């Protein structure tokens, strides 16, 4: 029963270059408008010694407006839910892998997120916190064998100009028998709308809309 208003509760446990951390968040979203928003708080490992922007895409494609002509794999996956696994290879050797197990408690999504990154150069934009925002991204979704997957070429804008590229690959796994969709795109807009000085508190907004190839 995906309702027009849904709640979000999440915990992320992770480490970057071996430094552990934990983040908890609460939020709300509009599945049918493709809109979501959440408040995120650092519980362990603060102040984070890395750019927060590498975590935001880990903090649910149900919050994407799907037209009637495209199969909605994500709204179709509940109340059992689904999970995904993701790799993110940055242009300077930095690599992140993350997972999210999404379940349902009434009208509230529950995220169990794991996030790990290594090989970020000490002088790079991530360890030095020189990232600004994610550019608008186009996610390419497709089904290979019997598995829904997605690819992405994302770009982080840097302070002082330039961009920091990231190659992303995601695997989705439904916990029930759902209709697999046909290839299509999802355009994403993600933005930190507010944060305190050390990002121990963050307000994150996301907007997603599915389009055809």
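Residue numbers count along the first chain shown, from 1.
According to the entry, the deposited sequence runs straight from residue 154 to residue 155 with no unmodelled residues in between.
The PDB entry records a higher mean C-alpha B factor for 73-81 than for its counterpart among 87-95 and 73-81. With 50-58 and 178-186 compared on mean CA B-factor from the PDB entry, the stretch scoring higher is 178-186.
In the deposited entry, the Cα temperature factor of residue 166 places it in the lowest third of its chain's modelled residues. Residue 43: CA B factor lies in the middle third for its chain, per the PDB record. In the deposited entry, the Cα temperature factor of residue 140 places it in the lowest third of its chain's modelled residues. Ranked by Cα temperature factor within the chain, residue 149 sits in the lowest third according to the deposited record. Among the modelled residues of its chain, residue 194 has a C-alpha B-factor that falls in the middle third according to the deposited record.
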